[PDB]
Structures are given as C-alpha cells and as structure tokens.
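S.K.: Structure in structure tokens, see below.
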Amino acid sequence: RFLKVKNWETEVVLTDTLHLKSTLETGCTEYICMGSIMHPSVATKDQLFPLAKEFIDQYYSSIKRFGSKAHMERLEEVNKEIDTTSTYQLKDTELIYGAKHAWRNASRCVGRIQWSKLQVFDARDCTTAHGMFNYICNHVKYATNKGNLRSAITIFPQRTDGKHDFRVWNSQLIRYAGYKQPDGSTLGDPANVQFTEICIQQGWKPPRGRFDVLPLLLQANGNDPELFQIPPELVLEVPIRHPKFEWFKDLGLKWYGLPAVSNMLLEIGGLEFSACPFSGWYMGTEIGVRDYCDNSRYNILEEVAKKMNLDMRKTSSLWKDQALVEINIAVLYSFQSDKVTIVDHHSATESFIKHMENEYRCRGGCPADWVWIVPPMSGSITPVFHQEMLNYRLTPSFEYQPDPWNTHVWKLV
Amino acid sequence: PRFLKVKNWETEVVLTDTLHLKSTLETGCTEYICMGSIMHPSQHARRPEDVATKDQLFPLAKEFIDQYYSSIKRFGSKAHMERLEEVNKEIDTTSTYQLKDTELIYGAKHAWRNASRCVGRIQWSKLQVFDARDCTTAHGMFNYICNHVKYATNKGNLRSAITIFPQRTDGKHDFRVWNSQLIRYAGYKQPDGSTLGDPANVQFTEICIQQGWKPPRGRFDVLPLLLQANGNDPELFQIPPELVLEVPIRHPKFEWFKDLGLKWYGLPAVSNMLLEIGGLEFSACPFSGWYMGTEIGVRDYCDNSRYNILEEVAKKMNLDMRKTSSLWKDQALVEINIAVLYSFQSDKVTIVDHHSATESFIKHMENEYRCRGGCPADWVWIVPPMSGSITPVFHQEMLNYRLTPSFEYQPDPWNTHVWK
Ligand code: HEM
Ligand code: HEM
Ligand SMILES: C[C@H](O)[C@H](O)[C@H]1CNc2nc(N)[nH]c(=O)c2N1
Ligand SMILES: C[C@H](O)[C@H](O)[C@H]1CNc2nc(N)[nH]c(=O)c2N1
Ligand SMILES: Cc1cc(N)nc(C#CCN2CC(F)(F)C2)c1
Ligand SMILES: Cc1cc(N)nc(C#CCN2CC(F)(F)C2)c1
Ligand SMILES: [Zn+2]
C-alpha cells in the first residue's frame, strides 16, 4: 500500500509509505473523522516485551546494525530486565534517539526541521524536587543562551508503578500567573488561574501583577510537589514595542523568550517518562495571536484597536483583523530587536514544507496535523494551508497526560 | 461509537453527537490514519459505475424514501408503502426511478444541510429549487441557468437557489455544466510565460477558445457557458452581461485602491458538482448563494496560483517587503478584505464577513445538535483562511461524517467525454 498527498498550490505529489508503521489509534474511524478533536485517545511484562522489541529493532535499524551481534545481545538484555525487574533501562544512545524521534514524530509541531538538533539532558538519576529544580535551571540557562535559543529536553526517571511518578506540575517552565478578582475580571494570564491558585495554596506569595513568572511546582518520586522560584536572571523576557506605533510600548506588554512545555509524557519503547520538559523557540503567532488575542487569554484586541482608532462598531470593518496583524508585527520586531530567537509564521511554514518533502524522500513520509500546522492567522497565504497531510501516530511519541492535581494522592496531613 | 462529544474550548460548551450513527460511506480515515486534510479522501460511492442492477439501486432508493417519509411524520403510511412499490416497479421497468417534486426539494435542501464543508448552512432550509428535469438541449439548459442567475442575483439581494437538470441514466447521456462556476473570469497564458486573468481557468478558457469563443483577453472576461445536454457535444453561450452583477473593488480609506482596477462578480454559483439522492445522480445541478468576503479577498485575490495581488497591493501601501517578518503580506491581506467587504456593502450586494459567518455556523451547530443530534462539519474547510483563531469556529471541535443526500465531486467532463 502507498498513499499520496498533493500540494494544490505547487502540484507536487508525495508518496507516504511510513504510515504502514503506525500502531496506536488516531481517534478516527472508517466512518467518522475526529481530526479537530483536541484530546482524543502501567504496562505489564507481557505488554512491555513487544513495545521494547519494536523500539530496539528500530534503533538498531537507524544505526545500520539491524540483525547485528549487538542488536541481538541488546534484545536479550532488555528482555532479562523485563523478566527480572518488570521494566528496563534505556542506554544513553537509545534515550537520545528516542527523544529526538518523539519530536520528529510530533505530528502537530511545525518546527520539526530542527528535530535532530535536540540537546538531550539525561536526568534519570534525579531523586528529589530540589534535584529537579537544579536540572530545570540548567535546562533553562542552556536553552536560553542569552537570546540565541537552543532546543533542549530534560528527561526525569520513567514511571514505575504509577505511584512514584516524577511530574512538573507547570504546563510550561515559564508562564505568567493569573488571578481572578472579586469583580470577575482577571489579572495576568486567564489560562493559568487554576495553577496560580494551587501555587498560592502550596505557599506561594504572589506579587499579584500582570506578568508574575510562576513558581515551579515539582514532584519527584510520587511525593507531594514542592515550590521553587526560578532565579529571575534566568528568565529572559522581551518587552513588546512596535516599530511604528510609539504608543504600543505603553500597553506594558512583555513576553518570555523560552517556550518550554513541561506537562507532556515522553513514551519510548513502552517506557513512560512523565516529566520531560522540552523547549525550543517561539513562532510569533503563538504569542501575538493566541497568547495575546484569544478571548480566554490576554485579550488585547479591543485595547489595541482603540489606540488605532479603528471603527469597532461593526465586525465587517475587520478591526480585529487589522489589530491582530499589528500586534504580531510588534512581537516579531520586539524579539528581533532584542536578538531573542523567534520565527515568523511565513518562514516557519515554508521551512516545514521543505522538511516534510525531505522526510517523504528519506523516511517515506511525515505525519502532520493540518489543524495544528496551519498558523492561527493568515492561513491560506502560508504554504502549509495548500499542503495535503497524512496524520498518523508513530512511536516514540509525546503524549498528553492527566493534570497531576486530578490524580495525586496527597501525603502530608 | 456509542455517542461522541465535541467541546468548544473558548466557551466550554460540550455537544453530544448521535447523528453520526447514520453515516453511510467512508470518510477516508481509519483508526490508524486520518485524512482530514485530503481534498478528495475517498472514492466510496453508493452505487457502481453506470446503470446499476436492481439489487444495487433499489436499496439506496428505499433508504431515501424511508428517510423522506420519516422526515414528514409517516413511515409505513399508505403513501410511503405505495411509493416503495412505485419505485420498485419503476426500477423493474426503466432501471431507474423518478423523484416527486417534494422528494426533489427535500433532497436538495438536505444535500446542502449535509455539506460538512459549508459554513453557510444555517440557511439550508431557505433554498429555492428549480426543477429542470424536463430540459433536453443545451439551449434549454441556457434558458434555465439564465433564469437561475436572474432570480438569485435579485438586483444584489441574493437568494439561494439550485437548478436540477435531468439525472444520469447510462452515463453516456449526462447533463453537465462544463464551467466549474456559472460565472468566472478567463485565464490566458501569456507569450512570456505569465498569466492574464484567473490562472485556475486557463485550461477551461483554452477549451472555450478551442470551441470558438473569441477571448477579449482582459483580466476580467466573464467566461461563456459551456453546456452539455444528454451526452452531446457541449455548446457555448454568452450570459447576458445585464445578468452578471459585478462589484468594483474600492477601499474606504485608500483612494488609490480603485486604480488597481479590480472587480469581482456577486454570485458564487457552483456548477461542476454532483447531487446524489436515493441513488440517483444529478450530474448537472448548479447551486448558488452569496459570498463570504474571504473567498474573494483571501483565496481568489491572494492565492499564489490565482490573482496573486498581494505584492502589488503591498507596494501601493509602502510596506517593508524585504523580509517576511514585517508581515506585509498579512497587512495587505487585511486591507484587501476590508476593501471587498466595503465594496459589496456599498453596492447593496449581499456579502457576509467571516466573523458574522462563523458565528452563524456556531449557532447552526447548536441548532443541529438540539434538533438533529449532530451536524457534520469539516474544520479544515469551515475555519476561514485568515484570522482563524479569532473566529469562534477555530476553537470549536467538529465531527466529520458523510450523510446522504450529498453533493459530491465528479470528473471534469473533458477528461471523460468522447467528442462527436
Ligand atoms: C525549535 C523550535 C520549535 C518551534 C518553532 C516549534 C513550533 C511549534 C508550534 C508553533 C507548535 C504549536 C504550539 C501551539 O499551538 O500551542 C508546536 C507544537 C508542538 N511542538 Fe514544537 N516547536 C519547536 C520545538 C519543539 C521541540 C524541541 C519539541 C520536543 C522536543 C517540540 C514538540 C512539540 C509538540 C509535541 C507539539 C504539539 C503538542 C501537542 O500535541 O499538543 N517542539 N511547535
Ligand atoms: C447562502 C450563502 C452561502 C455561504 C455564505 C456559503 C459559504 C461557503 C464557503 C465559504 C465555502 C467554502 C468555499 C471554498 O473555500 O471554496 C462553502 C462550501 C460549500 N457550500 Fe456553501 N455557502 C452558501 C450557500 C450554499 C448553498 C445554497 C449550497 C448548496 C445548495 C452550498 C453548498 C456548499 C458545498 C457543497 C460546499 C463545499 C463543496 C466542497 O465539498 O468542496 N452552499 N460554502
Ligand atoms: C490541503 C488542504 O486540505 C486544502 O488546501 C484545503 C484546506 N482548506 C480549505 N478550506 C476552504 N474553505 N477551501 C479550500 O479550498 C480549502 N483547501
Ligand atoms: C477545536 C480545535 O481543534 C482547537 O481550537 C485547536 C485548533 N488548532 C490548533 N492549532 C494549534 N497550533 N494550537 C491549538 O491550540 C489549536 N487548537
Ligand atoms: C517546544 C515548543 C516550541 C514552541 N514554539 N511552542 C511550544 C508550545 C506550546 C504550548 N502548547 C501546549 C502544547 F500543546 F503542548 C503546545 C512548544
Ligand atoms: C454556494 C456557494 C456559496 C459560496 N459563498 N461559496 C461557494 C463556493 C465555492 C467555490 N469552491 C468550488 C467548491 F469546491 F465547490 C467550493 C459556493
Ligand atoms: Zn480523520
């Protein structure tokens, strides 16, 4: 079997064979498509054996040693550990490879042209929340690199019995607090009101401002999580100004330079790494469209349009559209002026298409989630909009997991 | 699966879908692969090839009649059981059957209602249906189409309509409108190698010239109709210009915008699709409504393989066009779409912006889950091609499935037509 995807802007046709090697479901059926569902859908010995064999087989194929003496010894060895300890340990090489291919297989990530330049930080010797904080500070300092951002991931010990998970309770390493006021308004980031509340309850003393970097809430070995303040000199931030509108800086807007997702699960050969924060650099629309202009977020369209004296009486004036562009210009100009790595949605989508074509050529395909790949503004004037894409799930993979406060059984009376 | 929920992530409203349990044919997807962004994911058709056998066409016919009579509070009534026996005899004798007026009107309205990719389906029950099943010649088809265009344009107050020509019989007697839309502009290959007018239509334009059309070779030459009746060679007709409502495109602040010399037509009238009812195939069924501004302002004007006017607009705007991060493309894009909306509204020609339209479709989804238990929607098509996440449908999960009656794509007739 083969499957073809077409680009309707260029008429290039690519041929996907890679999809024959997927195994978990997409959520779709033969008669319903669920491609716009945000979230559709511990292993025993018997379950873990084929998953591990699959990953060891593919690792040894990648390094052109399939069938080798070392491949067969490794399988034997992995299998002893699963027999003995009901789990196994990855070699460093396997860990690095698995982490890179989890990124390579992330169908919703438009930045995957960079997948093989991932700095893997092995933190599987960590045993405490203090330890995790140390590991995470070093990640932040390395990744941030004074504005010249570098891709990086820090991998904490894998799940065991489900009762000793390592977790970063934060959704990202750097995020701003949100506070709901008695009058119903919201200060800061409305997305983070719940996590802000858990922080305050755990003992965080909030300054209660618009851009309070939240504390880290770190859980090691199934214990209660603990609070740590990131050293402020490690949180690189960019004040948002506009190259034309002198008044823009008066909005008091700023954002952090480092996007670092910390709530996902890294799955490699059946092993579950439940704490594995990873970071790259921003595409501008993530800030200027979603973070700033989602109605459920900082929601600054009306403010910005006001200062543009746009006619906000009718929607067909496209005042929101006009204000959205200017905000996103300001984001890109601000990061660039401060020499903090950022990519605009045109460059990023163009690069993703080159990456996708190369992946079809060298690998037999590239799973891609159109719904997520297309930027949230100016969709059809980017090339990915006109690109057909096959979405399927390959492993190693990044996966969502339950928020830890919906699951954690608290220790301290 | 037993019942499927969709959630809106901006409002947290969750809807529960059972209508999908009536899905008939494959989406293209599997448990293991999703084809949500494939333009034509599936070739699963409900009847095969040409004249089907009775065991092939009757079950489809029986299904649609069953659905139609359920819709009107019968099922099992005298009329329902008589109609089955009637279609049964009719297929036994002619290898086809004919729809009652009521069944035709019901079927067209429900094809629109089931069109997962259509953002405008709040209007679905307000559809004027012109029965043209007595047509026999391309001259007849021209008469019917002209009336359609005139009724639907209605001096700018556009009305939704569909005109249904005779169904397919053996596949060698098809009625086809060879135009993809009733009204489009020509596209000319230039001697240097660029393109004048609309590049999408270069091939169809060449067929027209090859058929004897005399191109004015302008940027906005309305194309002739190329009408095929009862399988015969297609015939050219010029739509009377007084029936083709056009809007000159100007900007409410940029006075220089008018001098780009852009216009568009007022009536979007899709004419190359196939309407499928009870196993019957209406290969010629031009339908029309009114534009979402983005269709002209984003896709028609700004696609790289269409009119591609972004750099020329940006130039006039004095934008930094050195680097993509200046977002000059995005900035011109907004201004063009302001211009299109301003122009249509100034000339009292029906048009809807993408904000109003996506909001309407959220309301329509809610209605459909209330009364019907679901609403098939294609997120890739529903979300506007600009300012996606600031329209409410971006944040709305959708379930996509194929309900019948439907509109379907079909081969371009020149790929399949043996000339005479
Ligand atoms: C190097 C620069 C990178 C860029 C420009 C980039 C860009 C993006 C963007 C814009 C999104 C959508 C985010 C959203 O809409 O919320 C995304 C998603 C994602 N990225 Fe990347 N990314 C980068 C690096 C990485 C790295 C280093 C990893 C993992 C090692 C990664 C894994 C993912 C995953 C798993 C998703 C989707 C999350 C999900 O399934 O919900 N990305 N990326
Ligand atoms: C009344 C105003 C209407 C509006 C505002 C509207 C809006 C739209 C838009 C924006 C699209 C996507 C177009 C594209 O990107 O090419 C679309 C697709 C479609 N519309 Fe509607 N529409 C309207 C009326 C109708 C009517 C009357 C019918 C049929 C009787 C219809 C059937 C369809 C179908 C079948 C498609 C998708 C075809 C495909 O699958 O490619 N629409 N609509
Ligand atoms: C590849 C992709 O499916 C294709 O470009 C689609 C995307 N979404 C679309 N949405 C609409 N409304 N119209 C289109 O033509 C398309 N094209
Ligand atoms: C309902 C819909 O699936 C949801 O809003 C998705 C749409 N596409 C997206 N695409 C990206 N990159 N990020 C998102 O959060 C979303 N949200
Ligand atoms: C590594 C990375 C790079 C980037 N440029 N952006 C993101 C992001 C994000 C936040 N959302 C939540 C999610 F679903 F995980 C993606 C992550
Ligand atoms: C009735 C209608 C209304 C509208 N506002 N727009 C369209 C459209 C279109 C053009 N494309 C070709 C297609 F694929 F059929 C859709 C159709
Ligand atoms: Zn799907």
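Taken together, the values in this text are just the output of simple stated rules run on the coordinates, not laboratory data. Reconstructed Cβ throughout: ideal geometry from the backbone, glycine too, with neighbour counts over all protein chains shown.
S.K.: Can you run phi through the Karplus equation (6.51, -1.76, 1.60; θ = phi - 60°) for region A:399-406 and list ³J(HN,Hα) in whole Hz, with x for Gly and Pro?
M.R.: Computed from phi, the couplings for region A:399-406 are 9, 6, 9, x, 4, x, 6, 7 Hz.
S.K.: Something else about it: Per residue of region A:102-110, in order, report the coupling 6.51 cos²θ - 1.76 cosθ + 1.60 (Karplus, θ = phi - 60°) as ³J(HN,Hα) in whole Hz, putting x for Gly and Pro.
M.R.: 4, 5, 3, 8, 6, 4, 8, 9, 7
S.K.: Continuing with the same structure: Do any of A:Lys180/B:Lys5; B:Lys258/B:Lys323; B:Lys126/B:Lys363; A:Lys314/B:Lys253; B:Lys54/B:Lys89 go past 19 Å between their Cα atoms, and which?
M.R.: A:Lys180/B:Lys5; B:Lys258/B:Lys323, as the Cα separations exceed 19 Å there.
S.K.: Ok, one more. Can you work out the Karplus-derived ³J(HN,Hα) for every residue in region A:16-29? Use 6.51 cos²θ - 1.76 cosθ + 1.60 with θ = phi - 60°, whole Hz, and x for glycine or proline.
M.R.: Here the 3J(HN,Hα) series is 8, 9, 4, 4, 5, 9, 8, 9, 7, 6, 7, x, 6, 10 Hz.
S.K.: Between region B:253-316 and region A:141-207, how far is it from one alpha carbon centroid to the other, in angstrom?
M.R.: Cα centroid to Cα centroid, the span is 46 Å.
S.K.: Straight-line reach only, C-alpha to C-alpha below 20 angstrom: list the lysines that B:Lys420 could link to, leaving out same-chain residues fewer than 8 apart.
M.R.: B:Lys172
S.K.: Moving on. Which net charge results when you count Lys and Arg as +1 and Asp and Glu as -1 among the other residues whose beta-carbon is under 12 Å from that of A:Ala348?
M.R.: -1
S.K.: Still on this structure, I have one more. Determine the sum of side-chain charges near B:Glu397: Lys and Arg each +1, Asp and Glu each -1, restricted to other residues whose C-beta is under 9 angstrom from that of B:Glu397.
M.R.: +2
S.K.: Counting each DSSP H run of 4 or more residues in the protein assembly as shown as -39500 (n - 2.57), what helix-only mean residue ellipticity at 222 nm follows after dividing by all residues, to the nearest 500 deg cm²/dmol?
M.R.: Calculated from helices alone, the mean residue ellipticity at 222 nm is -9500 deg cm²/dmol.
S.K.: For a test of the definition: using alpha carbon positions, the gyration tensor, and the 1.5 limit on a/c, classify the protein assembly as shown as rounded, prolate or oblate.
M.R.: It comes out prolate by the Cα gyration axes.
S.K.: Roughly what % antiparallel, to the nearest 5, for the DSSP beta bridges in chain A?
M.R.: The antiparallel fraction comes to roughly 80 percent.
S.K.: Among the listed pairs A:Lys249/B:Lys7; A:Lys141/A:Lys254; B:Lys155/B:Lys263; A:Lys320/B:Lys109, which are separated by more than 25 Å between their Cα atoms?
M.R.: With Cα atoms farther than 25 Å apart: A:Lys249/B:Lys7; A:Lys320/B:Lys109.
S.K.: Now a separate question. Let me check I've understood the local charge: for A:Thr17, count other residues with C-beta under 12 angstrom from its C-beta, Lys and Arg +1, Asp and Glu -1. What total comes out?
M.R.: +3
S.K.: Ok, one more. Given a Förster distance of 51 angstrom, what is the FRET efficiency for A:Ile63 paired with B:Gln128, based on the Cβ-Cβ distance and rounded to 0.05?
M.R.: Efficiency for this residue pair is about 0.15.
S.K.: Just B:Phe75, B:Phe130, B:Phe407 to compare: in a GNM of chain B, with alpha carbon springs under 10 Å, which one fluctuates most?
M.R.: B:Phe75
S.K.: Also, quick follow-up: For the ranges A:209-217, A:176-184, B:339-347, what's the packing order if you count other beta-carbon atoms within 10 Å of each residue, average per peptide, and put the highest first?
M.R.: In descending order of packing, they fall as B:339-347, A:209-217, A:176-184.
S.K.: For B:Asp320 and B:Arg117, calculate 0.36 nm times their separation in residues minus their Cα-Cα distance, and state this gained length in nm to one decimal.
M.R.: Separation in residues times 0.36 nm, less the Cα-Cα distance, equals 69.5 nm.
S.K.: What are the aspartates and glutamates whose alpha-carbon lies under 14 Å from the alpha-carbon of A:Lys80, with same-chain residues fewer than 8 places away excluded?
M.R.: Straight-distance partners of A:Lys80: A:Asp46.
S.K.: Additional query: Let me confirm one metric for peptide A:307-319, namely the mean number of other chain beta-carbon atoms within 10 Å of its residues' beta-carbons.
M.R.: Averaged over the peptide's residues, the number is 4.
S.K.: Taking amide H positions as placed in the peptide plane 1.01 Å from N, state which residues far from B:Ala269 in sequence (5 or more) or on other chains have amide H under 5 Å from it.
M.R.: Under 5 Å from the amide H of B:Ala269 lie the amide H atoms of B:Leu182, B:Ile183, each far enough along the sequence or on another chain.
S.K.: At a Förster distance of 60 Å, what's the computed FRET efficiency of A:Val42 paired with A:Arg313, Cβ-Cβ distance as r, to 0.05?
M.R.: 0.55
S.K.: Quick check on chain B: take the gyration tensor over C-alpha atoms, sort the square-rooted eigenvalues as a ≥ b ≥ c, and tell me if it's rounded (a/c under 1.5), prolate or oblate.
M.R.: Oblate.
S.K.: For a quick check: with amide H placed at 1.01 Å from N, whose amide H comes under 5 Å from A:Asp344's, ignoring anything fewer than 5 positions away on the same chain?
M.R.: Excluding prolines and chain starts, which carry no amide H, the hits are A:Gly284.
S.K.: Measure out, as a whole number of angstrom, how far apart the alpha-carbon centroids of region A:388-402 and region B:345-408 sit.
M.R.: If you average the Cα positions of each part, the centres end up 27 Å apart.
S.K.: Using R₀ = 22 Å, calculate the FRET efficiency as 1/(1 + (r/R₀)^6) where r is the Cβ-Cβ separation of A:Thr23 and B:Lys5; round to 0.05.
M.R.: It comes out at approximately 0.30.
S.K.: While we're on this one: Quick one: work out the % antiparallel among DSSP beta bridges in the protein assembly as shown, nearest 5.
M.R.: 85 percent
S.K.: Near the amide H of B:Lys263, under 5 Å away, which other amide H atoms are found, from residues 5 or more places off or on another chain, if H is placed in the peptide plane?
M.R.: B:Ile249
S.K.: Would region B:158-261 count as rounded, prolate or oblate if I go by the C-alpha gyration tensor, calling it rounded below 1.5 in a/c and otherwise prolate when a/b exceeds b/c, oblate otherwise?
M.R.: The shape class here is oblate.
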